[PDB]
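Quick reminder, even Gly has a Cβ in these numbers, built from the backbone with ideal geometry, and neighbours come from all protein chains shown. Taken together, the values in this text are just the output of simple stated rules run on the coordinates, not laboratory data.
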Amino acid sequence: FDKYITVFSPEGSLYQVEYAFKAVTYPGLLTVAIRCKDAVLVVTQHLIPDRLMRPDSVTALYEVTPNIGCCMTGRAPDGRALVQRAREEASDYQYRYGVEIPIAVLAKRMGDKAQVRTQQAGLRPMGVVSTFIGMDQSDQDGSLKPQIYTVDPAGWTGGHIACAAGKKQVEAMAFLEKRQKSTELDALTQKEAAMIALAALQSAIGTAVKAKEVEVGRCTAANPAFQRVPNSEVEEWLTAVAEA
Amino acid sequence: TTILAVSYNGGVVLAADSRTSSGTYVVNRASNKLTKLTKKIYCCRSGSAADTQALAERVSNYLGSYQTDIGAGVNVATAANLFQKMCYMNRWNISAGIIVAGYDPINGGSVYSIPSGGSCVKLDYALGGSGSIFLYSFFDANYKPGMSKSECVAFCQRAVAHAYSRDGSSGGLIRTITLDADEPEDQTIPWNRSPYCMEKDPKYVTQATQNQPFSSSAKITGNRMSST
């Protein structure tokens, strides 16, 4: 009776929210995001088994605004819907305040939106983990710092240094924790970072990736707009991983 | 206000004077009436600052949403169309002459006039503002189309200067922007380097002879400049 509606179980847990988390892993795709000193990257698998499907047409990366990307991981159409809502939120916010929505606010508002679906009955939680990346201006110096905010189906919002979601999100995370005991991740370069991200993806999914099986999104202090990284450059990082 | 836009091969120039007047006092002598809608699409605003700023902000917002959504550039026609819609929906409650002009890769540079009634007309060039009434003949007489970017910029500066030399409600700086495949170039001519004004035209240096001295003749000499 509690498994099918958004009421609490006796243990104080919301089944439909837990199950929405399983919707995140069900597709079998992993995503990794990582910030370095002056950039943030998000890498997600981009699997096109169907030879006849048009690779450039399917994506888990989305501009939310010019300065905020997001990667949705999970039930794809639920991700697409959150993106629409994000977009609306971002645009309503620009209209109301005259400025582009800061990414931690956008995340927070999307967490509010999710939370609602967990407290009002008969709305299915969106089975995605949203990962917004972007730069963020500091009030002291005006310098741009890179940010990664997730939102999950419970509405739990968080900022991260690196983060993975999706299938094997645990073995990806374990790999990055492990590589965070060596190096300091916010002192890295966009290259050393992407290498770590890609290596974590590779570790987790137990295979070497090719460039066209990932899709990578980036924001940088230099060029803050969120951009799909071209394959040429992902190939070069993947070469730099297999070597060193 | 004097606003105008002109097409050249591959883009547009927008130009405007800078004055905002509460009748006969100048509240702002450095207004920017060239308002960005997207990267390469601008409007020039005339009429009620309030009204036109509100619409431009609204349209710019809608158009940014729309660009993010279709993942591609916006056409000038789309921007004009939206502007027209809003201008027409609110035609009774706003005073608003718009020009929407810009560059998009499908159609090159375009210019649309959206005058007070909310018509939208696609033209080669457009004029708006109280000052525009002074430029119609200037264009009829002196504008040849097919000008280069740089010629077109200079011509629009001249045109604005002519207008604001006669319209009391226009004045100040001349702001221009060009919009084409390349990066937008804004420019601002300060009044004191205006390419025309009556106060420096040599044919308006001689004073009208109104204050003749008392004489024994009907022969007109000059104005009486001194008591002696």
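Shown for chain A are the DSSP H helices of 15 Å or more along their axis, judged by Cα atoms, with a mean Kyte-Doolittle hydropathy of at least -1.0: A:15-25, A:103-117, A:169-182, A:190-205, A:231-243.
Please go through segment B:125-228 and write out the chymotrypsin sites (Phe, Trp or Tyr not before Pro) that DSSP classes as loop and that have at most 13 other C-beta atoms within 10 Å.
Values: sites: B:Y125, B:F134, B:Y136, B:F138, B:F139, B:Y143, B:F155, B:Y164, B:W191, B:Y196, B:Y204, B:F214; in loops: B:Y143, B:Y196, B:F214.
Those that pass, being in a loop and sparsely packed, are B:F214.
For chain A, the alpha-carbon radius of gyration amounts to 1.00 times the rule-of-thumb value 2.2 N^0.38 Å expected for a compact globular protein. Between segment A:149-184 and segment B:161-228, what is the C-alpha centre distance in whole Å? Computed from Cα coordinates, the inter-centre distance equals 69 Å. Rounded to the nearest 20 debye, the dipole size of segment B:38-158 about its Cα centre is 40 debye, using +1 on the Cβ of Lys and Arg and -1 on the Cβ of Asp and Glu. Remark: relative contact order (segment B:128-181) = 47 percent; criterion is Cα-Cα distance under 8 angstrom and separation of 6 or more residues. Based on DSSP H segments of at least four residues, each scored -39500 (n - 2.57), the protein assembly as shown has a per-residue ellipticity at 222 nm of -10500 deg cm²/dmol.
With respect to chain B, whose longest principal axis is taken over its alpha-carbon atoms, helix B:149-166 is tilted by about 50°.
What's the FRET efficiency of A:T189 with A:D139 using the Cβ-Cβ distance as r and R₀ = 30 Å, to the nearest 0.05? List each step's numbers first, then the result.
Values: r = 26 Å, r/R0 = 0.86.
Given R0 = 30 Å and the Cβ-Cβ separation, E is 0.70.
Neighbours of A:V234 by Cβ distance under 14 Å: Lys/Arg scored +1, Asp/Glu scored -1, total 0.
Between A:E213, A:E184, A:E11, the Gaussian network model of chain A with springs among Cα atoms under 10 angstrom shows the greatest mean-square fluctuation at A:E11. Distance from the C-alpha centroid of segment B:85-137 to that of segment A:32-101: 36 Å, rounded to the whole angstrom.
Contact order for segment A:29-71, expressed relative to its length and based on alpha carbon pairs under 8 Å spaced 6+ residues apart, stands at 28 percent.
Do any chymotrypsin sites (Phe, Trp or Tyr not before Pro) in segment A:2-97 lie in a loop, going by DSSP, with at most 16 other beta-carbon atoms within 10 Å of their beta carbon, and if so which?
On the way: sites: A:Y4, A:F8, A:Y15, A:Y19, A:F21, A:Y62, A:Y93, A:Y95, A:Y97; in loops: A:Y4, A:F8.
Qualifying residues, ordered by number: A:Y4, A:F8.
Between A:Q202, A:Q190, A:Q94, the Gaussian network model of chain A with springs among Cα atoms under 10 angstrom shows the greatest mean-square fluctuation at A:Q94. Taking the fewest neighbouring Cβ atoms within 10 Å as the starting point, the ordered list for B:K40, A:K3, A:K181 is A:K181, A:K3, B:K40.
Taking a sphere under 12 Å around the Cβ of B:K149 and counting the other residues whose Cβ falls inside, with K and R at +1 and D and E at -1, yields a net charge of -4.
Please rank B:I41, B:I106, fewest neighbouring Cβ atoms within 10 Å first, as an exposure proxy.
On the way: B:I41 27, B:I106 9.
The order, fewest Cβ neighbours first, is B:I106, B:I41.
Evaluated at q = 0.17, 0.18, 0.21 Å⁻¹, the base-10 log of the normalised Debye intensity for segment B:1-81, with identical point scatterers placed on the Cα atoms, takes the values -0.73, -0.80, -0.99. Working from Cα pairs under 8 Å separated by at least six residues, relative contact order for chain B is 26 percent.
How big is the Cα convex hull of segment A:55-152 in projection, averaged over all directions, in nm²? Don't jump to the answer; show the numbers that get you there.
Working: hull surface 28.6 nm².
Averaged projected area of segment A:55-152's Cα convex hull equals 7.1 nm².
Remark: A:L144, B:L173 ranked as A:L144, B:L173, counting other beta-carbon atoms within 10 Å and listing the fewest first.
Taken over the Cα atoms of the protein assembly as shown, the convex hull encloses 226 Å³ per residue. Across 10 Å bins from 0, what is the distribution of all Cα-Cα pair distances for chain B, in whole percents? Going from the shortest bin to the longest, the percentages are 8, 32, 31, 14, 7, 5, 2, 1, 0.
Ranking B:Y25, B:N9, B:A54 by Cα position along the charge dipole of chain B, where only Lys, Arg, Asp and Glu carry charges on their C-beta atoms, puts B:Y25 farthest toward the positive end. Between B:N81 and B:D140, the contour length at 0.36 nm per residue exceeds the Cα-Cα span by 18.5 nm. The label point for A:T239 and the one for B:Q210, both projected 7 Å from the Cα toward the Cβ, are 8.1 nm apart.
Starting from segment B:177-215, pick out the trypsin sites (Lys or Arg not before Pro) whose DSSP state is loop and whose Cβ has at most 15 other Cβ atoms within 10 Å. Mind dumping the intermediate values first?
Numbers: sites: B:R193, B:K200, B:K203; in loops: B:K200.
The qualifying sites are B:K200.
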